[PDB]
Protein chains: 2
Amino acid sequence: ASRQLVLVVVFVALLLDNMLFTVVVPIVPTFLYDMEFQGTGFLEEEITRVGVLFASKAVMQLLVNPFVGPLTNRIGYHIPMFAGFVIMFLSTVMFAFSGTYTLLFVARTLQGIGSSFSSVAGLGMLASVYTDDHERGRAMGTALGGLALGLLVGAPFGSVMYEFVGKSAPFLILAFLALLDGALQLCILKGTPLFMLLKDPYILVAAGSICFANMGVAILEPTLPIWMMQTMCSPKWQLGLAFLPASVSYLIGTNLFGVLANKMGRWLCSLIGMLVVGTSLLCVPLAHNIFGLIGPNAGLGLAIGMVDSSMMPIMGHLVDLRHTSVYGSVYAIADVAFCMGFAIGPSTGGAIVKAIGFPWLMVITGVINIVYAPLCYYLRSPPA
Amino acid sequence: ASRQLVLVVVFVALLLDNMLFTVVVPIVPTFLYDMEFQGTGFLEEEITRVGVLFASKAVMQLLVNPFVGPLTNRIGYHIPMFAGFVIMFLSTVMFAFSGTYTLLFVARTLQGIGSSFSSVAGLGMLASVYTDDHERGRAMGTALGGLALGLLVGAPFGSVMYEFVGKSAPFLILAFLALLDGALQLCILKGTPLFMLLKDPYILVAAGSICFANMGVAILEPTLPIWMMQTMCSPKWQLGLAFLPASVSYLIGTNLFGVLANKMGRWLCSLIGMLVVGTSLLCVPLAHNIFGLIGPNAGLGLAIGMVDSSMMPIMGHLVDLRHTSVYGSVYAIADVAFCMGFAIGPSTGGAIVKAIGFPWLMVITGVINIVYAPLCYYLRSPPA
Ligand SMILES: COC(=O)[C@H]1[C@H]2C[C@@H]3c4[nH]c5cc(OC)ccc5c4CCN3C[C@H]2C[C@@H](OC(=O)c2cc(OC)c(OC)c(OC)c2)[C@@H]1OC
Ligand SMILES: COC(=O)[C@H]1[C@H]2C[C@@H]3c4[nH]c5cc(OC)ccc5c4CCN3C[C@H]2C[C@@H](OC(=O)c2cc(OC)c(OC)c(OC)c2)[C@@H]1OC
């Protein structure tokens with residue numbers, strides 16, 4: 001029993017969750033194309049179903065989030081984390097051994113449930129173990145940076161491993177890593193609820209800004225590989241590599257602008273980030289080769305880093321100013337915003353790409369971001 | 001008689017016209033203040049009249065512009081140019097000796113008529129003298145360079161000279177320069193009309209682009225000095241110097257982006273420059289000292305330079321692609337945009353500032369520019 005073991009456990013759990021989220025994007029469209037028969041343009045018939053597949057995790061996470069907290073209060077913290085590891089291992093094995101469409105849907109649903117359980121339980125355990133105030137910050141920083149590390153490491157992993165070792169290599173590797181995390185976890189040892197926090201306009205503006213900024217990436221996952229295979233004629237191992245700028249630029253932007261944004265005002269950072277997201281999504285569907293998506297994706301990642309570094313401190317400041325705040329107050333609002341974006345984006349986006357073209361979806365999302373960007377003016381000098 | 005005299009005549013005429021347009025900015029409100037009266041404040045009662053006074057030039061420029069063409073065809077070019085000198089000299093003398101509000105109105109009106117006549121006749125004479133189709137570009141370029149140069153030394157001239165020499169000095173100097181231009185002038189010697197060009201959407205979008213880009217500076221003239229004397233409490237000689245960044249930044253931006261815009265697309269330059277304007281007009285009314293306007297004014301000038309350097313070649317290309325083009329079709333389409341901007345901006349700005357607050361006007365203009373910015377996506381790849 002030591003304070004570092006819980007940190008390493010939460011680190012590995014969040015890394016595994018984000019890696020399993022990201023790895024699926026290069027793999028599902030390629031597998032669905034391969035099972036029927038770069039050859040054919042029949043993917044338009046399946047776009048609504050591939051889009052609805054991705055939203056299952058967000059929908060189940062939203063459905064299961066409110067019940068997690070009371071369970072942790074009445075039966076502790078370790079058992080919900082063990083449940084999360086078991087569900088994650090079941091999800092990864094089901095992904096590895098699935099052959100049809102329904103099995104992948106079940107895998108995504110189970111992954112959503114396990115992710116919600118593991119996230120809430122791990123945050124609770126890290127809060128409970130450290131009781132120094134200042135120390136909690138350096139622990140939460142490392143644990144939350146683990147998510148970005150997993151996102152960076154796992155984006156081109158699946159696409160490269162699918163065409164070389166097979167369809168069951170990355171999922172079994174993630175299963176072994178989850179088994180290691182579970183084995184490590186085997187050796188261990190209030191105020192203003194969220195629905196009141198979402199009742200004031202100042203928090204709602206920030207949450208909507210975060211959701212609309214992340215919908216650029218939310219609706220680019222299930223629709224970009226299909227677009228690449230239909231038009232660009234790129235090989236199957238480069239589909240995951242097109243998302244590397246979206247992660248590297250995000251990490252660079254979040255570090256640099258967490259350093260710099262306090263000097264020139266946070267609302268200006270949010271406005272410029274939203275505008276850059278809109279312009280980047282507008283310029284995305286003009287590329288005729290894989291090298292042409294290096295620019296717009298990088299700009300997109302930089303603008304999302306802009307918004308995510310300029311909005312969280314504003315949310316914390318508002319919660320401290322007008323309500324009573326706890327350690328995880330900002331986390332619940334951020335998670336609700338992310339899940340709402342990931343659950344509303346793909347489900348409507350698939351319908352839009354069947355009804356009309358893929359570029360019109362990008363133009364619509366960019367225009368929505370640009371129109372919403374002026375509304376960040378409200379956040380400056382928030383009244384008590 | 002030669003070909004380098006007409007160039008200097010058109011140069012001096014455009015230079016003096018722009019100086020007389022710009023030097024009235026910090027003289028009218030200060031004259032009203034020191035004729036009606038730290039300082040008791042009532043300028044909110046007269047802001048509407050001050051705003052309406054500035055629109056007369058644009059209004060009867062638009063009213064008189066259609067009639068100058070057939071007159072030039074029937075009776076030549078030199079006589080309408082000499083009439084411009086006579087009307088401009090009358091306007092500057094009237095500005096020098098005016099004491100009441102009606103005289104300033106009629107002087108501005110005369111300046112509008114003289115500016116329209118001088119501009120049309122001068123461009124006609126420059127086109128008539130040169131008939132090489134290569135040196136004509138340099139001939140227009142020098143005159144428009146003088147047009148740009150006037151607005152640099154026009155704004156921080158009246159404000160500085162007013163508090164040190166008096167109210168009758170700069171107008172008399174401009175009158176002497178006008179008489180010199182007339183003395184120089186004394187020793188001298190068709191397709192797709194405009195109303196059909198304003199019928200296709202691809203030109204109307206560009207015209208609205210230029211107009212809504214210049215409305216930010218159009219509504220900033222009559223209302224910024226009054227705001228400065230009401231809040232910032234600056235001396236009377238610093239009102240004119242607050243517009244120098246909007247001139248220098250505009251010149252720098254127009255040079256750089258005329259060099260650079262073709263590499264990254266003209267529509268993207270316009271889209272980026274219509275958002276810098278919206279942010280600049282939003283950060284303008286937050287300053288609490290004179291030194292806080294150096295940033296937003298420079299940004300506004302840079303964005304206007306971006307738009308004006310990325311839109312004119314688009315208009316020329318569109319007119320060549322879909323219609324029949326002449327020497328100054330882009331000139332006419334730009335004039336109809338500038339005059340509409342200067343005629344619609346100040347009046348409604350005065351009404352808004354007397355109805356709601358001054359900062360709300362800049363917020364509305366910035367929101368309008370941001371909303372209209374996505375519509376520049378249409379201008380890429382226009383069909384034939
Ligand atoms: C699945 O990806 C995630 O799930 C994370 C990211 C979401 C999004 C994203 N997805 C991609 C998928 C790709 O595959 C092809 C490629 C690129 C991207 C990008 C690029 C852009 N990107 C940003 C990532 C943001 C992460 O969230 C946090 O960093 C965070 C930080 C906090 O501390 C301040 C929080 O506390 C308040 C917090 O509360 C919930 C969350 C978020 O959840 C952990
Ligand atoms: C009165 O100001 C004008 O009247 C000129 C400018 C309008 C606007 C402006 N006003 C100010 C007043 C101030 O006092 C306090 C301070 C700052 C500014 C700024 C800063 C920003 N600025 C830009 C200036 C632009 C000029 O117009 C052209 O340069 C032009 C070029 C062309 O060549 C391509 C044309 O041909 C197609 C053309 O056709 C009609 C016009 C325009 O008309 C001549």
# chains A, B, ... in the order shown; residues from 1 in each chain; ligands from 1
>>> interface_residues(of="chain B", to="chain A", cutoff="12 Å", atoms="only C-alpha atoms", output="PyMOL selection string")
chain B and resi 264-265+267-276+278-283+286+295+360+363-378+380-381
>>> residues_near_ligand(ligand="ligand 2", cutoff="6 Å", atoms="only C-alpha atoms and all ligand atoms", output="list in words")
residues 18, 21, 22, 25, 144, 147, 148, 155, 217, 221, 243, 246, 247, 301, 304, 312, 330, 331, 334 and 335 of chain B
>>> closest_residue(among="A:187, A:19, A:198, A:47", to="residue 154 of chain A", atoms="only C-alpha atoms")
A:19
>>> closest_residue(among="A:186, A:339, A:233, A:8", to="ligand 1", atoms="only C-alpha atoms and all ligand atoms")
A:339
>>> residues_around(residues="residue 292 of chain B", least_positions_apart="4", cutoff="12 Å", atoms="only C-alpha atoms", output="list in words")
residues 228, 232, 242, 245, 280, 283, 284, 285, 286, 287, 288, 296, 297 and 298 of chain B
